[PDB]
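Enquirer: Structure in structure tokens, see below.
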Amino acid sequence: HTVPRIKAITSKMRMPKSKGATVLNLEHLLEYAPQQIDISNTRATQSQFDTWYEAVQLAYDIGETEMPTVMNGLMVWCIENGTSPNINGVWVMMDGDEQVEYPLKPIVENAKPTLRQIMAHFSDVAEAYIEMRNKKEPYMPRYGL
Amino acid sequence: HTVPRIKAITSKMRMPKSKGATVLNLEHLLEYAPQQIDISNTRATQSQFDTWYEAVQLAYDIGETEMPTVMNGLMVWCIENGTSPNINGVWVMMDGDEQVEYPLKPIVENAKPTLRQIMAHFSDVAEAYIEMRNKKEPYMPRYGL
Amino acid sequence: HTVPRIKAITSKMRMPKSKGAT
Amino acid sequence: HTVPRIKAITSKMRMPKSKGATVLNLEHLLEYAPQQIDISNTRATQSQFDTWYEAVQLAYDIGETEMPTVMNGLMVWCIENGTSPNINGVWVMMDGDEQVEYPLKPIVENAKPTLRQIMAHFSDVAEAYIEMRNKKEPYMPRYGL
């Protein structure tokens, strides 16, 4: 007659218990679907990224309107070079053919808990940039961010 | 009818965000294509090369017109011998068959952050010189710059 | 457009002060 | 039938004895549960804290209603700087941008048995203050209280 479709929460399944009650809240557990990247520890939490991005802008004294153009070069620089640079060093982003130097102290010192996890936010755009140039000319990099 | 060509910046791709806004400036990110050697940390930045080249010319007291001929010998000397020489030593470049001695103190002391990265500028011409002689006589070297 | 070149004397840097003046 | 549950006070366990009787009072020993911080010697006893707090308020001649606002600055000052300051010195707490100086003689002289143990009372709020600011801006300190 009717085909028995099995349920996801079987009756004979041990929900965790504490003093009789259940520690879980299995009516909204099914209505709880976060993205695999927004609850992963491989990326720094948005609060810690809002601090690194704000503690770097103050060290450079760059205005909020001129701030984002700097972050284009920072990712591109972090593509050839790894996310473990010299804290007593500088990174370069060009105004055409002229090199512009930026200190690496606020970048590494203010990145918590690790510069790798702070730079992991740029991972989505890093692939979108490497592949975009590979169409024109080879851009086989040395490290990643 | 029309074939759907995919875009590089997909709609469902996580641009990094800070307080709602976007840290990147993805309208000039695509119009930003620097050379892989001018934003790499394996070579000293042009400002630091403009300092080493100017702090060495003063120690030798060599005029700006006689200065570049010295740099021919320095690279050739740095081909057989590595970029980590004795600071209390000399390097040689010939006026034909007669040896001419130059101190190695301004070369190593004034090279920041490392003599290897300062000498990495000569990498393009180093290959163009080794291969040019290999046509005439073997020039299998011992180190590089 | 234009690359922001940082200055040596940042605005948020504590110049020594004496009775208001520097 | 019935599962034998073991007792905490086993019959074959040597209660300390003195002249036949028992030195312990093992009927209220089980009904005696103090906090691990209120019987620990790492913090000065409340009687000695009631003396230091009262012997400092008299030296500053500060009223009891204006007294507690001073203790906010004292802990914050004791976060960057350790609990072993110069007795012939002063500590600072701001009325906005204007420094206010307070002598360090009543703070150190009247703290028994050690200023570290007297300042150990503020340990619970010290973490609650460092973490609260770390959300806004980095507050990586140098010592603790």
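By convention here, the chains of the structure tokens are called A, B, ... in the order presented, each chain's residues are numbered starting at 1, and ligands are numbered starting at 1 in the order presented.
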Identify, on the basis of only C-alpha atoms, every residue whose closest approach to range 66-77 of chain A does not exceed 9 Å; exclude the query and any residue fewer than 2 positions from it along the same chain; express the result as a PyMOL selection string.

Expert: (chain A and resi 57+62-64+79-82+91-94+119+122+125-126+129+145) or (chain B and resi 22-26+28-29+32+34+39-41) or (chain C and resi 1-4)

Enquirer: Pick out the chain D residues within 12 Å of chain A. Count only C-alpha atoms. Give them as a ChimeraX atom specification.

Expert: /D:133-140

Enquirer: Measuring between only C-alpha atoms, which one of D:103, D:121, D:98, D:83 shows the shortest distance to chain C?

Expert: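 The shortest atom-to-atom distance to chain C comes from D:98.
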
Enquirer: Which residues are close to residue 108 in chain B, i.e. within 12 Å by only C-alpha atoms, leaving aside same-chain residues fewer than 3 positions away? Reply as a PyMOL selection string.

Expert: chain B and resi 52-53+55-56+83-91+103-105+111-119

Enquirer: Nearest to chain C: which of B:123, B:27, B:58, B:20 is it, counting only C-alpha atoms?

Expert: B:27

Enquirer: When DSSP works through the backbone of this structure, what residues of chain D end up as alpha helix (DSSP H), shown as a PDB file with C-alpha atoms, in the first residue's frame?

Expert:
ATOM      1  CA  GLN D  46      39.345  39.820  54.094  1.00  0.00           C
ATOM      2  CA  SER D  47      40.374  41.268  57.467  1.00  0.00           C
ATOM      3  CA  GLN D  48      43.745  42.326  56.044  1.00  0.00           C
ATOM      4  CA  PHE D  49      42.022  43.733  52.955  1.00  0.00           C
ATOM      5  CA  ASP D  50      39.620  45.677  55.182  1.00  0.00           C
ATOM      6  CA  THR D  51      42.717  47.194  56.825  1.00  0.00           C
ATOM      7  CA  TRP D  52      44.644  48.077  53.657  1.00  0.00           C
ATOM      8  CA  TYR D  53      41.543  49.613  52.072  1.00  0.00           C
ATOM      9  CA  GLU D  54      40.894  51.624  55.247  1.00  0.00           C
ATOM     10  CA  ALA D  55      44.524  52.640  55.840  1.00  0.00           C
ATOM     11  CA  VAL D  56      44.799  53.910  52.249  1.00  0.00           C
ATOM     12  CA  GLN D  57      41.564  55.918  52.297  1.00  0.00           C
ATOM     13  CA  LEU D  58      42.818  57.833  55.344  1.00  0.00           C
ATOM     14  CA  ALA D  59      46.184  58.681  53.763  1.00  0.00           C
ATOM     15  CA  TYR D  60      44.488  60.124  50.671  1.00  0.00           C
ATOM     16  CA  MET D  67      36.899  56.456  47.429  1.00  0.00           C
ATOM     17  CA  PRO D  68      35.796  53.689  45.002  1.00  0.00           C
ATOM     18  CA  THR D  69      36.421  55.695  41.814  1.00  0.00           C
ATOM     19  CA  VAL D  70      40.105  55.780  42.784  1.00  0.00           C
ATOM     20  CA  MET D  71      40.220  51.971  42.961  1.00  0.00           C
ATOM     21  CA  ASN D  72      39.207  51.737  39.296  1.00  0.00           C
ATOM     22  CA  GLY D  73      42.413  53.485  38.268  1.00  0.00           C
ATOM     23  CA  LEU D  74      44.548  51.574  40.765  1.00  0.00           C
ATOM     24  CA  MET D  75      43.717  48.210  39.181  1.00  0.00           C
ATOM     25  CA  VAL D  76      44.115  49.512  35.621  1.00  0.00           C
ATOM     26  CA  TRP D  77      47.435  51.076  36.603  1.00  0.00           C
ATOM     27  CA  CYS D  78      48.408  47.766  38.230  1.00  0.00           C
ATOM     28  CA  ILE D  79      47.667  45.913  34.971  1.00  0.00           C
ATOM     29  CA  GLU D  80      50.406  47.426  32.827  1.00  0.00           C
ATOM     30  CA  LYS D 105      53.505  55.020  49.917  1.00  0.00           C
ATOM     31  CA  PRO D 106      50.161  54.057  51.556  1.00  0.00           C
ATOM     32  CA  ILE D 107      49.560  51.506  48.790  1.00  0.00           C
ATOM     33  CA  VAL D 108      52.740  49.503  49.433  1.00  0.00           C
ATOM     34  CA  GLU D 109      53.483  50.263  53.095  1.00  0.00           C
ATOM     35  CA  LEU D 115      50.971  43.918  47.833  1.00  0.00           C
ATOM     36  CA  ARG D 116      50.671  40.970  45.434  1.00  0.00           C
ATOM     37  CA  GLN D 117      48.214  39.179  47.723  1.00  0.00           C
ATOM     38  CA  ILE D 118      46.290  42.385  48.451  1.00  0.00           C
ATOM     39  CA  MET D 119      46.032  43.078  44.713  1.00  0.00           C
ATOM     40  CA  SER D 123      42.094  39.241  39.839  1.00  0.00           C
ATOM     41  CA  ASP D 124      38.487  38.367  38.979  1.00  0.00           C
ATOM     42  CA  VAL D 125      37.749  41.850  37.632  1.00  0.00           C
ATOM     43  CA  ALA D 126      41.190  42.201  36.015  1.00  0.00           C
ATOM     44  CA  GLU D 127      40.350  39.499  33.474  1.00  0.00           C
ATOM     45  CA  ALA D 128      36.846  40.936  33.060  1.00  0.00           C
ATOM     46  CA  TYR D 129      38.445  44.287  32.135  1.00  0.00           C
ATOM     47  CA  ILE D 130      41.292  43.132  29.871  1.00  0.00           C
ATOM     48  CA  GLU D 131      38.954  40.946  27.807  1.00  0.00           C
ATOM     49  CA  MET D 132      36.316  43.690  27.590  1.00  0.00           C
ATOM     50  CA  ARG D 133      38.768  46.118  25.977  1.00  0.00           C
ATOM     51  CA  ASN D 134      40.396  43.464  23.763  1.00  0.00           C
ATOM     52  CA  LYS D 135      37.098  43.339  21.866  1.00  0.00           C
ATOM     53  CA  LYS D 136      37.512  47.012  20.936  1.00  0.00           C
TER      54      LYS D 136
END

Enquirer: To test your reading of the structure, identify every residue in chain B that backbone DSSP assigns to strand (DSSP E), and report it as number ranges by chain.

Expert: B: 17-18, 21-22, 90-92, 101-103

Enquirer: Write the selection just made, keeping N, CA and C atoms, as a tab-separated table (two decimals), in the first residue's frame?

Expert:
chain	number	residue	atom	x	y	z
B	17	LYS	N	34.60	41.01	4.24
B	17	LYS	CA	33.79	42.12	4.71
B	17	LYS	C	34.30	42.63	6.05
B	18	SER	N	34.11	43.93	6.28
B	18	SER	CA	34.46	44.57	7.54
B	18	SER	C	33.39	45.60	7.87
B	21	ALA	N	30.84	46.79	4.97
B	21	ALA	CA	31.51	47.13	3.73
B	21	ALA	C	32.52	46.05	3.36
B	22	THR	N	33.15	46.22	2.20
B	22	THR	CA	34.11	45.25	1.67
B	22	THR	C	35.51	45.84	1.75
B	90	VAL	N	88.55	40.87	0.19
B	90	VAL	CA	88.55	41.66	-1.04
B	90	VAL	C	88.05	40.80	-2.19
B	91	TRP	N	87.57	41.47	-3.23
B	91	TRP	CA	87.18	40.84	-4.48
B	91	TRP	C	87.97	41.45	-5.63
B	92	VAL	N	88.12	40.69	-6.71
B	92	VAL	CA	89.07	41.00	-7.77
B	92	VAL	C	88.36	41.19	-9.10
B	101	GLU	N	92.18	44.99	-6.59
B	101	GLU	CA	91.53	44.57	-5.36
B	101	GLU	C	90.54	45.63	-4.89
B	102	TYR	N	89.35	45.18	-4.49
B	102	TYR	CA	88.33	46.04	-3.92
B	102	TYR	C	87.85	45.46	-2.60
B	103	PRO	N	87.72	46.28	-1.56
B	103	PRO	CA	87.29	45.76	-0.27
B	103	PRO	C	85.85	45.28	-0.30
